[PDB]
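Heads up, the thing below is written out as structure tokens.
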Amino acid sequence: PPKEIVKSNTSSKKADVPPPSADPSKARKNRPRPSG
Amino acid sequence: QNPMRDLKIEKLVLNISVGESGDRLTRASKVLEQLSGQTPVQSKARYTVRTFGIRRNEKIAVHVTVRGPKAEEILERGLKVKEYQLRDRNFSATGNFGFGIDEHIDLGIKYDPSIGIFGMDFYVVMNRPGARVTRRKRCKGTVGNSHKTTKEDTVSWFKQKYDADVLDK
Amino acid sequence: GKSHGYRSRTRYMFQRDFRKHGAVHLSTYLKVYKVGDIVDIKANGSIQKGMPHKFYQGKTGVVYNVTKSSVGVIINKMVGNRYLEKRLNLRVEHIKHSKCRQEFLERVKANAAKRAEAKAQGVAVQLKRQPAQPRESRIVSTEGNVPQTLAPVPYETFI
Amino acid sequence: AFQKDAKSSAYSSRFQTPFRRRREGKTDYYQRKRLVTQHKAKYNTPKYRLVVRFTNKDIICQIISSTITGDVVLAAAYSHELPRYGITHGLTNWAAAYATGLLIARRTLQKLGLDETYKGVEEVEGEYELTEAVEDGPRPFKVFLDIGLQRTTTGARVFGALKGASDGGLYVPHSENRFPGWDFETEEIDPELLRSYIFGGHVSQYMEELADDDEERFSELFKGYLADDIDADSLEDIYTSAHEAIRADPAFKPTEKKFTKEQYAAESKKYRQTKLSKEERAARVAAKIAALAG
Amino acid sequence: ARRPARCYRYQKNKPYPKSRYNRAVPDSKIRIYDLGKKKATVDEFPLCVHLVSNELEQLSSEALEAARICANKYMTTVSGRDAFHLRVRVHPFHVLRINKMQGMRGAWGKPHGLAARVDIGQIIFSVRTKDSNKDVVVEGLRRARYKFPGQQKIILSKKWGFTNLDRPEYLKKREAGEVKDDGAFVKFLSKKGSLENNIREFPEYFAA
RNA sequence: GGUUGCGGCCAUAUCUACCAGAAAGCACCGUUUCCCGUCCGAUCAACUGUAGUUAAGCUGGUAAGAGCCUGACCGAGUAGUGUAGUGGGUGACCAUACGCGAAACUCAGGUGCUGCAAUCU
RNA sequence: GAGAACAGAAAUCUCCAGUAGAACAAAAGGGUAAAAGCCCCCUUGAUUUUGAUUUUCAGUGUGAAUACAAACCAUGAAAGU
RNA sequence: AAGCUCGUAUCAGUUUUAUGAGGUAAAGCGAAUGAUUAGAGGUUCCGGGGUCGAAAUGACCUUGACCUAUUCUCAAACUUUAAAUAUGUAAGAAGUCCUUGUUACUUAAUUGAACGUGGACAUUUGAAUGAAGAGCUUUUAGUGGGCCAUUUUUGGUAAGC
Ligand SMILES: [Mg+2]
Ligand SMILES: [Mg+2]
Ligand SMILES: [Mg+2]
Ligand SMILES: [Mg+2]
Ligand SMILES: [Mg+2]
Ligand SMILES: [Mg+2]
Ligand SMILES: [Mg+2]
Ligand SMILES: [Mg+2]
Ligand SMILES: [Mg+2]
Ligand SMILES: [Mg+2]
Ligand SMILES: [Mg+2]
Ligand SMILES: [Mg+2]
Ligand SMILES: [Mg+2]
Ligand SMILES: [Mg+2]
Ligand SMILES: [Mg+2]
Ligand SMILES: [Mg+2]
Ligand SMILES: [Mg+2]
Ligand SMILES: [Mg+2]
Ligand SMILES: [Mg+2]
Ligand SMILES: [Mg+2]
Ligand SMILES: [Mg+2]
Ligand SMILES: [Mg+2]
Ligand SMILES: [Mg+2]
Ligand SMILES: [Mg+2]
Ligand SMILES: [Mg+2]
Ligand SMILES: [Mg+2]
Ligand SMILES: [Mg+2]
Ligand SMILES: [Mg+2]
Ligand SMILES: [Mg+2]
Ligand SMILES: [Mg+2]
Ligand SMILES: [Mg+2]
Ligand SMILES: [Mg+2]
Ligand SMILES: [Mg+2]
Ligand SMILES: [Mg+2]
Ligand SMILES: [Mg+2]
């Protein structure tokens, strides 16, 4: 009903691809985890 | 010296991240409108993930920024649910701070099962007088060092009013 | 397949001059070109319209036309065993007044002076130009400077 | 500041400074190109710019031409002179610009001889008009709208100093839709509203609601209005007759200047530090190593 | 299968380095260029000796590698595995092309191996020890002489260790406060730079 | 001399850290009825110059600062190069004759200059 | 880089740094920072008349391009484009 | 080949002077980009290992990354700097200066632009050197497989390729 408002992304990247910081290799193993 | 430099909250920005769009997103917007009275701004997913069940530009999450006294109500209204204790992190060496809370009901705000429960990301921006010097158009410039907001200057300032406790290490 | 496009080989020619990129200082647009001026032609890569062809870089010419943004220049290009007259339309970003003529006029003005200044003095002018003339006789003094004698040096390694 | 944010020797070395007036955020050069550049086949004919600058509460209106040695001021009018013509209050407002634009329009038109001819609009019903060309006569002096960095917003008061210069006899090309009263959802103007802003009809009608609604504010802002005994409905007269007084005597009184050149300088150098000598710096170094040795 | 060394001896073609217009090249045959005691402090090994190339020619990786091994192995087992620091001053950056076994039609090569373009008076092998050791160093270069094409002559360095300074100029720099150890090398006291942390480092100066 | 508006060249002007800055001018700063712009009067707009402040911006100074600029028989007449020989060398190459002449290095000096207008103890 | 519930190496929010290390369909190389990049608004000049010009060059053609003239338009406060 | 218009004239595979262009050689890498050897010094709430451990946003060893000052060595398709040889234009009568006409272009403007009437300025007409000359037109033959030498340089192990 109201006009939705969407944020303007100054970044110039058209590619639907994850950035380099996003990689399987960082991934601390045995991270805290829930239990119980 | 400190005549004009005291401190002020520049803005508060509430945030709701949600793994989709559709109903669940709009409700979370309804949450932030009546919480700010302002009508809020959604964001779009910057790329596709699919382990989060999201695609690029899928309208993932809403937020709203608040300035003025009407923030300090919603800040303190929030600092209540966190029981006036934050951490030594939560504070950015730039001088800001933020904290999250599950259950938006926990501050004012009746239930309405046709809305549901959402969490928020409360983040607070601290600047000073002379904070337009890096904001305005003409002669855009950069706050001198001695005037910049720091973590030390912000924590002590959070310690005193609000009375609250910084804790941790 | 071989290649020649209009801008071929111009990589380093049209390149923007280190720490000098970006928009163009306004004195360029300020200068006024009257027909018949002597122009130097140097491209400015930032200005893609009204751009001289790579041949005419470094060339000097004279302006036959004056339009809105651009002075039309004629250049005599050599092709084969003759020169043909060629006509270039250049924006003044790419042009600069040539200082070749600078000394000339200054000498012209200088010459008319020395003329009326010597003539109103009873002539004896000699206003043409001379090549460097062999040195004159001179004495040189040994007082306080005795000749310091020199010897070639023996070979050394030092590495 | 932050030790890991660091300008490397390379950074400095290969940094390319923007110009100067670009670093100071003062000049948008891409607008200065498109303004200043003369059609090359008009040769030395200067392009003249209408320079409307807003400080904090002083209005700077200049007609300036351009030269590779430096830009050159033909005529200069400020709002701080407006006390001469009967305005001591609200020198930063839409009506004070219109007033400072009619002062610049008729100050140049005066020393330019276009004075007696081309009187612009002396009526001011706030209609849209550019000063027309007189049949068999000189053409209206042309000057163009240098906004500075000001944002183009319908109603903004840079266009006040415009409408005071275009109703004041100069030929400054413009359209209607940056003017208060511009209708958004149909192309139209209401002159009535625009007229009002020329004499301050928003600032009075603000004073009007603030006497009977909140006088606390009305006692804080609008202080000098009481201190001078000037209430709301009289604002239009103050400006109406200042227009008259302006066309009367545009001639520019400078101030009586009170301490000449040599004086102002002799006092200003007491506060301005004078650098050093290498031998002294050299002695500083030989001294600091002496001290910082032990 | 390795083409005899006479085909690539001379610098006949512009440098053909491995690059993105290349990519296909095999590994270099010499890999490690620093041997002996490479952690040695600048003051440990004052004496320096050079193998200098007197020709303008090309030296194959496999030839570097084999005069590396030679000169090291002898120098170690004669004066002992830490007696010296042997650093190879030359790197094989040039890809050599071969035309495999068309006709001569379409003859552009494919990377056959690597080598290093060497100058006249260019140092190839540099070694530092105690002056006590010179004849062991010298012979150890001398025995790597045989593994290389061309005229290469050994040279006694006017300088201190691997440094840029002659022996006297090193003492005067070291016996005043100007010299400060780094791991295999040194850093030096400059008369330029911020006086604050200029005195932080080299605190041993500033007395005289 | 200081300052502001418009500037010319566009680092001797930029950068980092301090400190000093009278007068004016800038600046921050006060409000939200009006035109206007926003998720948000932060920016943009409008009103006030009042209520408050030199805190920042800005100006300048400090610095064996970074960088930039300039200079030198500093390196170096080196590298490279135009011209020549029935010059040396198996060759790679290299000396000589007649001219041209770098870059890096090092030393020393420097840290914006100024136009048009209005200002200001 | 430092920061904030679920939130992880990557989701959305905020600051500080940031000469371009990005982006401009595509090949490469130029070029570009209050833009030539990113967002939005309005438009259709990607039009009409026929010459001159540069590249290839025989100074033919063709493709591509450059500056004008005359119209009729777009956009913008305007200079302009 | 035919001539033709002329004749102190314009003229040049050359120099000097003045002023422009260029990015090769060399140079550079404790300058960008890309490569590349070795140490040293920092930094992890955080790559992975161990020891202490209920654990920790725990302490300590440790290995990898980054960071900061360094060090050896490189580039046809890298670069701040940047040659030599070659390269554009200028060195006057078609010139310089005064005065003030024409217009439908252009300026706020009889402003400016373009072409002008009229007037003044002389010889050593504007550096060197050379010149028997210079400019101009028509027509038409053969030819349209080249090869070699020094230097520059591509492919190739090379080749009398
Ligand atoms: Mg985007
Ligand atoms: Mg970003
Ligand atoms: Mg090709
Ligand atoms: Mg260049
Ligand atoms: Mg185009
Ligand atoms: Mg603009
Ligand atoms: Mg065999
Ligand atoms: Mg070859
Ligand atoms: Mg041998
Ligand atoms: Mg003051
Ligand atoms: Mg405010
Ligand atoms: Mg505003
Ligand atoms: Mg202070
Ligand atoms: Mg300062
Ligand atoms: Mg310095
Ligand atoms: Mg022989
Ligand atoms: Mg020589
Ligand atoms: Mg110095
Ligand atoms: Mg400085
Ligand atoms: Mg680029
Ligand atoms: Mg724009
Ligand atoms: Mg169009
Ligand atoms: Mg064509
Ligand atoms: Mg084509
Ligand atoms: Mg190059
Ligand atoms: Mg090239
Ligand atoms: Mg080279
Ligand atoms: Mg270099
Ligand atoms: Mg490098
Ligand atoms: Mg330089
Ligand atoms: Mg002549
Ligand atoms: Mg005449
Ligand atoms: Mg044949
Ligand atoms: Mg043969
Ligand atoms: Mg043959």
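Residue numbers start at 1 in each chain; chains themselves are named A, B, ... in the order of the structure tokens; ligands are numbered from 1 in the order shown.
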
Select the residues contacting ligand 2 at a distance of at most 12 Å, based on only C-alpha atoms (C1' of nucleotides) and all ligand atoms, then format the selection as a ChimeraX atom specification. /A:8-13 /B:46 /G:17-18,22,38

Set the distance at 8 Å and use only C-alpha atoms (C1' of nucleotides): which residues neighbour residue F:42 once local chain neighbours fewer than 4 positions away are removed? I'd like the list as a PyMOL selection string. chain B and resi 10+132+135

Write a file of the selected residues as a PDB file, in the first residue's frame, keeping N, CA and C atoms.
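In the end it all went to again.pdb:
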ATOM      1  N   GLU B  10      24.536  11.046  16.649  1.00  0.00           N
ATOM      2  CA  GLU B  10      24.198  11.440  15.284  1.00  0.00           C
ATOM      3  C   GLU B  10      22.913  10.768  14.845  1.00  0.00           C
ATOM      4  N   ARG B 132      28.969  18.536  10.335  1.00  0.00           N
ATOM      5  CA  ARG B 132      28.619  18.784   8.949  1.00  0.00           C
ATOM      6  C   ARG B 132      29.854  19.022   8.086  1.00  0.00           C
ATOM      7  N   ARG B 135      30.172  16.496   5.931  1.00  0.00           N
ATOM      8  CA  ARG B 135      28.867  16.093   5.431  1.00  0.00           C
ATOM      9  C   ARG B 135      28.381  16.980   4.294  1.00  0.00           C
TER      10      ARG B 135
END

Give me, as CSV, the closest atom pair and its distance (Å, one decimal) for every residue of chain A within a cut-off of 10 Å of chain B, counting only C-alpha atoms, rows sorted by chain and rising number.
residue,atom,partner,partner_atom,distance
A:2,CA,B:39,CA,8.6
A:3,CA,B:39,CA,9.1
A:4,CA,B:41,CA,7.1
A:5,CA,B:41,CA,4.7
A:6,CA,B:42,CA,5.0
A:7,CA,B:43,CA,5.4
A:8,CA,B:43,CA,8.4
A:9,CA,B:46,CA,8.5
A:11,CA,B:46,CA,9.5
A:13,CA,B:46,CA,9.4
A:14,CA,B:47,CA,9.4
A:15,CA,B:47,CA,8.0
A:16,CA,B:47,CA,5.2
A:17,CA,B:47,CA,6.2
A:18,CA,B:47,CA,6.5
A:19,CA,B:47,CA,9.1

Using only C-alpha atoms, I'd like every residue of chain D that has an atom within 7 Å of chain B; please write them out as a ChimeraX atom specification. /D:24-26,149

Any chance you could export the current selection's N, CA and C atoms as a PDB file, in the first residue's frame?
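Heads up, here's the output in result.pdb:
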ATOM      1  N   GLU D  24      39.652  22.599  -2.241  1.00  0.00           N
ATOM      2  CA  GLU D  24      38.914  23.443  -1.320  1.00  0.00           C
ATOM      3  C   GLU D  24      37.416  23.340  -1.530  1.00  0.00           C
ATOM      4  N   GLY D  25      36.993  22.458  -2.433  1.00  0.00           N
ATOM      5  CA  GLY D  25      35.593  22.149  -2.635  1.00  0.00           C
ATOM      6  C   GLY D  25      34.795  23.347  -3.089  1.00  0.00           C
ATOM      7  N   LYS D  26      35.498  24.430  -3.447  1.00  0.00           N
ATOM      8  CA  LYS D  26      34.842  25.693  -3.774  1.00  0.00           C
ATOM      9  C   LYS D  26      34.331  25.723  -5.219  1.00  0.00           C
ATOM     10  N   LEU D 149      27.810  25.991  -6.381  1.00  0.00           N
ATOM     11  CA  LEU D 149      27.466  24.608  -6.108  1.00  0.00           C
ATOM     12  C   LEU D 149      26.016  24.449  -5.682  1.00  0.00           C
TER      13      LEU D 149
END

Within 10 Å of chain C, which residues belong to chain H? Use only C-alpha atoms (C1' of nucleotides) and report them as a list in words.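 Only these qualify: residues 16, 17, 18, 19, 20, 21, 22, 23, 80, 87, 88, 89, 90, 91, 92, 95, 96, 97, 113, 114, 121, 124, 126, 127 and 128 of chain H.
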
Give me every helix (DSSP H, G or I) residue in stretch 40-153 of chain B, going by DSSP on the backbone, as a PyMOL selection string. chain B and resi 69-81+104-106+145-147+151-153

What do you get as a list in words if you pick all residues at most 10 Å from ligand 8, counting only C-alpha atoms (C1' of nucleotides) and all ligand atoms?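 Residues satisfying the distance criterion: residues 11, 12, 13, 14 and 97 of chain E; 153, 154, 155 and 156 of chain H.
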
May I have the residues from that selection written out with N, CA, C and O atoms (P, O5', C5', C4', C3', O3' and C1' of nucleotides), as a PDB file, in the first residue's frame?
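Here's the written file out.pdb:
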ATOM      1  N   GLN E  11      73.223 -14.319 -26.947  1.00  0.00           N
ATOM      2  CA  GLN E  11      71.951 -13.635 -26.706  1.00  0.00           C
ATOM      3  C   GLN E  11      71.452 -13.158 -28.056  1.00  0.00           C
ATOM      4  O   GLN E  11      71.652 -12.007 -28.448  1.00  0.00           O
ATOM      5  N   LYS E  12      70.663 -14.014 -28.705  1.00  0.00           N
ATOM      6  CA  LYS E  12      70.311 -13.796 -30.100  1.00  0.00           C
ATOM      7  C   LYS E  12      68.917 -13.243 -30.265  1.00  0.00           C
ATOM      8  O   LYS E  12      68.555 -12.826 -31.369  1.00  0.00           O
ATOM      9  N   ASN E  13      68.143 -13.207 -29.196  1.00  0.00           N
ATOM     10  CA  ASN E  13      66.750 -12.833 -29.299  1.00  0.00           C
ATOM     11  C   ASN E  13      66.397 -11.974 -28.108  1.00  0.00           C
ATOM     12  O   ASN E  13      66.999 -12.099 -27.039  1.00  0.00           O
ATOM     13  N   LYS E  14      65.435 -11.081 -28.309  1.00  0.00           N
ATOM     14  CA  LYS E  14      65.014 -10.237 -27.215  1.00  0.00           C
ATOM     15  C   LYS E  14      64.544 -11.124 -26.050  1.00  0.00           C
ATOM     16  O   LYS E  14      64.175 -12.286 -26.254  1.00  0.00           O
ATOM     17  N   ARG E  97      63.251 -21.237 -26.655  1.00  0.00           N
ATOM     18  CA  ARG E  97      62.285 -21.887 -27.532  1.00  0.00           C
ATOM     19  C   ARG E  97      62.983 -22.909 -28.402  1.00  0.00           C
ATOM     20  O   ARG E  97      64.133 -22.728 -28.811  1.00  0.00           O
TER      21      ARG E  97
ATOM     22  P     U H 153      69.209  -4.486 -32.991  1.00  0.00           P
ATOM     23  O5'   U H 153      68.061  -5.072 -33.928  1.00  0.00           O
ATOM     24  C5'   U H 153      66.689  -5.004 -33.563  1.00  0.00           C
ATOM     25  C4'   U H 153      65.819  -5.700 -34.585  1.00  0.00           C
ATOM     26  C3'   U H 153      65.840  -7.225 -34.586  1.00  0.00           C
ATOM     27  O3'   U H 153      65.058  -7.824 -33.559  1.00  0.00           O
ATOM     28  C1'   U H 153      66.083  -6.453 -36.793  1.00  0.00           C
ATOM     29  P     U H 154      65.299  -9.368 -33.165  1.00  0.00           P
ATOM     30  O5'   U H 154      64.076 -10.118 -33.825  1.00  0.00           O
ATOM     31  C5'   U H 154      62.818  -9.485 -33.955  1.00  0.00           C
ATOM     32  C4'   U H 154      61.867 -10.339 -34.757  1.00  0.00           C
ATOM     33  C3'   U H 154      62.136 -11.841 -34.732  1.00  0.00           C
ATOM     34  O3'   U H 154      61.718 -12.510 -33.553  1.00  0.00           O
ATOM     35  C1'   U H 154      61.847 -11.186 -36.943  1.00  0.00           C
ATOM     36  P     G H 155      62.545 -13.781 -33.009  1.00  0.00           P
ATOM     37  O5'   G H 155      62.089 -14.972 -33.964  1.00  0.00           O
ATOM     38  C5'   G H 155      60.718 -15.326 -34.046  1.00  0.00           C
ATOM     39  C4'   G H 155      60.447 -16.289 -35.167  1.00  0.00           C
ATOM     40  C3'   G H 155      61.238 -17.576 -35.153  1.00  0.00           C
ATOM     41  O3'   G H 155      60.792 -18.514 -34.204  1.00  0.00           O
ATOM     42  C1'   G H 155      61.319 -16.694 -37.291  1.00  0.00           C
ATOM     43  P     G H 156      61.866 -19.123 -33.190  1.00  0.00           P
ATOM     44  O5'   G H 156      62.790 -19.995 -34.125  1.00  0.00           O
ATOM     45  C5'   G H 156      62.322 -21.229 -34.614  1.00  0.00           C
ATOM     46  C4'   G H 156      63.283 -21.745 -35.624  1.00  0.00           C
ATOM     47  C3'   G H 156      64.632 -22.131 -35.068  1.00  0.00           C
ATOM     48  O3'   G H 156      64.619 -23.436 -34.520  1.00  0.00           O
ATOM     49  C1'   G H 156      64.929 -20.762 -36.947  1.00  0.00           C
TER      50        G H 156
END

Protein and nucleic acid residues within 12 Å of ligand 16 (only C-alpha atoms (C1' of nucleotides) and all ligand atoms) as a PDB file with N, CA, C and O atoms (P, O5', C5', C4', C3', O3' and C1' of nucleotides), in the first residue's frame:
ATOM      1  P     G F  88      93.585  -5.637 -37.485  1.00  0.00           P
ATOM      2  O5'   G F  88      93.491  -5.958 -35.922  1.00  0.00           O
ATOM      3  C5'   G F  88      94.618  -5.861 -35.061  1.00  0.00           C
ATOM      4  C4'   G F  88      94.257  -6.204 -33.632  1.00  0.00           C
ATOM      5  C3'   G F  88      93.725  -7.607 -33.421  1.00  0.00           C
ATOM      6  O3'   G F  88      94.744  -8.557 -33.248  1.00  0.00           O
ATOM      7  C1'   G F  88      92.278  -6.077 -32.372  1.00  0.00           C
ATOM      8  P     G F  89      94.528  -9.989 -33.912  1.00  0.00           P
ATOM      9  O5'   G F  89      93.194 -10.536 -33.224  1.00  0.00           O
ATOM     10  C5'   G F  89      93.236 -10.959 -31.872  1.00  0.00           C
ATOM     11  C4'   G F  89      91.908 -11.442 -31.345  1.00  0.00           C
ATOM     12  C3'   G F  89      91.208 -12.520 -32.126  1.00  0.00           C
ATOM     13  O3'   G F  89      91.780 -13.773 -31.871  1.00  0.00           O
ATOM     14  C1'   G F  89      89.648 -10.899 -31.430  1.00  0.00           C
ATOM     15  P     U F  90      92.190 -14.701 -33.093  1.00  0.00           P
ATOM     16  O5'   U F  90      90.786 -15.023 -33.732  1.00  0.00           O
ATOM     17  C5'   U F  90      90.708 -15.604 -35.012  1.00  0.00           C
ATOM     18  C4'   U F  90      89.552 -16.555 -35.073  1.00  0.00           C
ATOM     19  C3'   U F  90      88.188 -15.963 -34.784  1.00  0.00           C
ATOM     20  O3'   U F  90      87.632 -15.255 -35.864  1.00  0.00           O
ATOM     21  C1'   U F  90      88.432 -17.986 -33.612  1.00  0.00           C
ATOM     22  P     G F  91      87.251 -13.723 -35.639  1.00  0.00           P
ATOM     23  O5'   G F  91      85.918 -13.805 -34.786  1.00  0.00           O
ATOM     24  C5'   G F  91      84.860 -14.630 -35.218  1.00  0.00           C
ATOM     25  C4'   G F  91      84.089 -15.200 -34.061  1.00  0.00           C
ATOM     26  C3'   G F  91      83.348 -14.228 -33.165  1.00  0.00           C
ATOM     27  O3'   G F  91      82.102 -13.872 -33.709  1.00  0.00           O
ATOM     28  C1'   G F  91      84.472 -15.837 -31.859  1.00  0.00           C
TER      29        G F  91
END

Counting only C-alpha atoms (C1' of nucleotides) and all ligand atoms, which protein, DNA or RNA residues come within 10 Å of ligand 18, given as number ranges by chain? E: 192; F: 107-110

Could you tell me which residues of chain A sit within 6 Å of chain G when counting only C-alpha atoms (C1' of nucleotides), and give me the result as a ChimeraX atom specification? /A:10,12,22-24,26-27

Quick one: which chain H residues come within 10 Å of chain A, and what is the nearest atom pair for each with the distance in Å to one decimal, counting only C-alpha atoms (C1' of nucleotides), rows ordered by chain and ascending number, as a Markdown table?
| residue | atom | partner | partner_atom | distance |
| --- | --- | --- | --- | --- |
| H:46 | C1' | A:28 | CA | 7.3 |
| H:47 | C1' | A:26 | CA | 6.7 |
| H:48 | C1' | A:29 | CA | 9.2 |

Counting only C-alpha atoms (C1' of nucleotides) and all ligand atoms, which protein, DNA or RNA residues come within 9 Å of ligand 34, given as a PDB file with N, CA, C and O atoms (P, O5', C5', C4', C3', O3' and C1' of nucleotides), in the first residue's frame?
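Listing of selection.pdb after writing:
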ATOM      1  P     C H 147      64.926 -10.927 -53.684  1.00  0.00           P
ATOM      2  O5'   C H 147      66.487 -10.893 -53.987  1.00  0.00           O
ATOM      3  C5'   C H 147      67.177 -12.030 -54.481  1.00  0.00           C
ATOM      4  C4'   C H 147      68.625 -11.712 -54.760  1.00  0.00           C
ATOM      5  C3'   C H 147      69.457 -11.228 -53.582  1.00  0.00           C
ATOM      6  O3'   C H 147      69.961 -12.290 -52.800  1.00  0.00           O
ATOM      7  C1'   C H 147      69.771  -9.767 -55.400  1.00  0.00           C
ATOM      8  P     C H 148      70.418 -12.034 -51.289  1.00  0.00           P
ATOM      9  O5'   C H 148      71.605 -11.008 -51.455  1.00  0.00           O
ATOM     10  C5'   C H 148      72.848 -11.510 -51.889  1.00  0.00           C
ATOM     11  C4'   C H 148      73.902 -10.447 -51.937  1.00  0.00           C
ATOM     12  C3'   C H 148      74.293  -9.796 -50.623  1.00  0.00           C
ATOM     13  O3'   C H 148      75.157 -10.603 -49.828  1.00  0.00           O
ATOM     14  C1'   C H 148      74.029  -8.148 -52.271  1.00  0.00           C
ATOM     15  P     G H 160      74.548 -18.322 -44.114  1.00  0.00           P
ATOM     16  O5'   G H 160      74.531 -17.561 -45.500  1.00  0.00           O
ATOM     17  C5'   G H 160      75.351 -18.013 -46.565  1.00  0.00           C
ATOM     18  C4'   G H 160      74.582 -18.186 -47.848  1.00  0.00           C
ATOM     19  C3'   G H 160      73.572 -19.312 -47.822  1.00  0.00           C
ATOM     20  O3'   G H 160      72.616 -19.083 -48.847  1.00  0.00           O
ATOM     21  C1'   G H 160      75.261 -19.855 -49.341  1.00  0.00           C
TER      22        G H 160
END

To check your reading of the model: which residues sit at most 12 Å from ligand 27 when counting only C-alpha atoms (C1' of nucleotides) and all ligand atoms? Write the answer as a ChimeraX atom specification. /E:13-15 /F:80 /H:24-28,74-76,78

Residues at most 9 Å from residue E:63, counting only C-alpha atoms (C1' of nucleotides), excluding those fewer than 2 positions away in the same chain, as a CSV table (one decimal) with N, CA and C atoms, in the first residue's frame?
chain,number,residue,atom,x,y,z
E,29,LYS,N,65.8,-25.1,-13.5
E,29,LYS,CA,66.6,-26.2,-13.0
E,29,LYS,C,67.3,-25.8,-11.7
E,30,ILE,N,67.9,-24.6,-11.6
E,30,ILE,CA,68.4,-24.1,-10.4
E,30,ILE,C,67.2,-23.5,-9.6
E,59,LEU,N,73.5,-18.3,-19.8
E,59,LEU,CA,73.9,-19.4,-18.9
E,59,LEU,C,72.6,-20.1,-18.6
E,60,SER,N,72.6,-21.4,-18.9
E,60,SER,CA,71.4,-22.2,-18.7
E,60,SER,C,71.1,-22.4,-17.2
E,61,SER,N,69.9,-22.6,-16.9
E,61,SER,CA,69.6,-22.9,-15.5
E,61,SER,C,70.4,-24.2,-15.1
E,65,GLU,N,72.7,-24.5,-11.9
E,65,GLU,CA,72.5,-25.6,-10.9
E,65,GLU,C,73.7,-26.4,-10.7
E,66,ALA,N,74.4,-26.8,-11.8
E,66,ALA,CA,75.5,-27.7,-11.7
E,66,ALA,C,76.8,-27.0,-11.3
E,67,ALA,N,76.9,-25.7,-11.4
E,67,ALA,CA,78.0,-25.0,-10.8
E,67,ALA,C,77.8,-24.5,-9.4
E,68,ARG,N,76.5,-24.4,-9.1
E,68,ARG,CA,76.1,-24.2,-7.7
E,68,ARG,C,76.6,-25.4,-6.9
E,115,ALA,N,67.2,-19.9,-19.0
E,115,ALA,CA,68.6,-19.4,-18.9
E,115,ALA,C,68.5,-18.0,-18.5
E,147,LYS,N,82.0,-25.6,-15.3
E,147,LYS,CA,80.6,-25.9,-15.6
E,147,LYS,C,79.9,-24.9,-16.5
E,148,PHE,N,80.6,-23.8,-16.9
E,148,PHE,CA,80.0,-22.7,-17.5
E,148,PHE,C,80.6,-22.4,-18.9
E,149,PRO,N,79.8,-22.0,-19.9
E,149,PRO,CA,80.3,-21.5,-21.2
E,149,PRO,C,80.9,-20.2,-21.0

Which residues in stretch 74-111 of chain D does DSSP call strand (DSSP E or B)? List them as number ranges by chain. D: 74-78

Could you report the residues within 9 Å of ligand 17, using only C-alpha atoms (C1' of nucleotides) and all ligand atoms, as number ranges by chain? F: 77, 97-100

Distance filter 8 Å, only C-alpha atoms (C1' of nucleotides), chain D against chain G, as a PyMOL selection string: chain D and resi 4-5+14-16+28+34-36+144-146+152+159+173-175+177-178

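Using only C-alpha atoms, one finds that the residues of chain D close to chain C, at 8 Å or less, are residues 14, 15, 16, 17, 30, 33, 37, 38, 39, 40, 41, 43, 44, 67 and 68 of chain D.
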
Specify as a list in words all residues of chain G found within 10 Å of chain C, counting only C-alpha atoms (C1' of nucleotides). residues 19, 29, 30, 31, 32, 33, 35, 36, 52, 53, 54, 55, 56, 59, 64, 65, 66, 67 and 68 of chain G
